[PDB]
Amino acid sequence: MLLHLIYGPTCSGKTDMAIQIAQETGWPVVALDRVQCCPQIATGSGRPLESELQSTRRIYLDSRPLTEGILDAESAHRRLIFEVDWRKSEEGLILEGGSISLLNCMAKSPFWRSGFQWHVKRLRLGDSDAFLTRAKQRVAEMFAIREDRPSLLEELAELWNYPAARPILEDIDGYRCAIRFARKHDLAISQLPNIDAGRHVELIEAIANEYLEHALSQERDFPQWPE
């Protein structure tokens, strides 16, 4: 089996690039992401739209309530070995994402050391202002009102109803920013979808900055995968 590993920081187009290989090959893409295993935050965690998937399969390591906590790395790693191992007949698989903790587990693990052919791609953080431009665009996409999927702000207001979800959303990118933006201006979280467009731009900007901060960590704590 051939494993096509695509990894790198947030907003580096890794997802689209995975999808493209998946349409050409017919191979599933397995998301190397813990946060995306909570579908109640599908949009804000970076899950592609069903329309964007272009009929390819994208596999998550678990499907879980946000209030059960984000899947831990060692559990997600064990889950990942499983999704690969039972598909071992298949010609290939695409592993794509940016979970720092799960990539590091992959790098300590004997499983990946033998038994596979490999195509490895690391996307790198480029210049910051190019990064920010792409970050903002992405945030605006997640913010867009659609009749087929909740916005990030909608996902956030829905959960904010459940007190146990509150501590957990405050440790997640986009959400932490959005929560802090609301307190900063004395708005209720429920009220975040209804802000004037002037306040909307301020928030796109702040979330982008929180993405840059995260992409910078990804660059430090990412394992250097051998090519």
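Each residue number is its position in the shown sequence, starting from 1.
Stretches compared: 196 to 204, 32 to 40. Higher mean C-alpha B-factor in the entry: 196 to 204. Placement of the Cα temperature factor of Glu74 within the chain: middle third of the modelled residues, per the deposited record. Sort the modelled residues of the chain by CA B factor and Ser114 lands in the highest third. Per the deposited record, the Cα B-factor of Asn161 falls in the highest third when ranked against the other modelled residues of its chain. Residue-level temperature factors show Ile100 in the lowest third of its chain, judged at the C-alpha atom. In the PDB entry, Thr25 places in the lowest third of its chain by CA B-factor.
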